[PDB]
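First, one chain by itself in structure tokens, the form deposited in one PDB entry.
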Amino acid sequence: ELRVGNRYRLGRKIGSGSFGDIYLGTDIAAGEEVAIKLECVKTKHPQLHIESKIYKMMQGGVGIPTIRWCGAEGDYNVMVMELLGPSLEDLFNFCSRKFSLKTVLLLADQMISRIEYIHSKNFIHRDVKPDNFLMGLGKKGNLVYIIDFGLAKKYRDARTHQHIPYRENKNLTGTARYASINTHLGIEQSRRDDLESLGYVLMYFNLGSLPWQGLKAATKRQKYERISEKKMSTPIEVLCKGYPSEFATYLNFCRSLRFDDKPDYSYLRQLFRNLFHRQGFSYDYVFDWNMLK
């Protein structure tokens, strides 16, 4: 129970984000439902205001949620954001945990572009997973958004574009299921890692699971190591057996990138667009969830 900024009513908690939990809220005068991220104001490692500045800078990008307000109330720093629709994990569930090839390809085009946009503004996301992509609402119902800059990092200097240096012995940031192999091996993340993670997300939608899910281990730290080991020991063409070759081509391209390379985002989009064309699918933007009755 809180009122933020003389303007917003705080509603229920709906999930967690990076360094802050996510709540529904209401702009009381406008009657507009919003999403609200909260950070304990006494935290040793404050970052919500850093995140807010990244959002302000990213504003105007297609599929970046709008930031409505950032401030403080009571015991919290507060960031009020545009309300979006369900996540891609939610929609995957609503689609019986199967997506058509067409839907996978429609999603892939947008997800690559969203990652490219973030990179163009000098950041890497570092938390690419199905729960961080949400569909828009209303006139934006066909648009895939990416959320959460709480794990984002600047990878190149804004004035000179000098890339960050190569580093080793680093910690994993996001969900281990989708981490790149180099992230598991302790290498500093860069643009290639966001795109490799996306490749695992796409094959997760194709398969329903990844082969490194559900592994036994004594501890969380050891579980991550076993996930790493299974990823390293599963050839891409085994992972992607029976699916269009483009999914393997995509993953091998990402794994081939140098630390500081600029990815060829166009190439990666074109793989999937050419497959979409060869398959004869309609250019109607109809996703699988648009068929639900």
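Throughout, we count residues from 1 along the sequence that is shown. Here the rigid core means the biggest group of C-alpha atoms that line up within 1.5 Å when the two forms are laid on top of each other.
Unshown form deposited with a partner chain bound; subsequent notes refer to it.
Within this chain, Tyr55 is remote from the site of its partner chain in the deposited complex, having no heavy atom within 4.5 Å. Residue contact with its partner chain in the deposited complex: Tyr224 places a heavy atom within 4.5 Å of it.
In the deposited complex, its partner chain sits beyond 4.5 Å of every heavy atom of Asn122. Taking non-hydrogen atoms only, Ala176 approaches its partner chain to within 4.5 angstroms in the deposited complex.
Of the stretches 192-200, 147-155, 101-109, 114-122, only 147-155 has residues with a heavy atom within 4.5 Å of its partner chain in the deposited complex. Among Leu143, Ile181, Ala72, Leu172, the residue placing a heavy atom within 4.5 Å of its partner chain in the deposited complex is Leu172. Residue shifts between the shown form and the other one, rigid core superposed: of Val62, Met232, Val238, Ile28, the only C-alpha displaced by 2 Å or more belongs to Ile28.
Core-superposed comparison between the shown form and the other one: the C-alpha position of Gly214 differs by less than 2 Å. With the core held fixed, the Cα of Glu73 is displaced between the shown form and the other one by 2 Å or more.
In the core-superposed comparison between the shown form and the other one, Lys42 has its Cα shifted by at least 2 Å.
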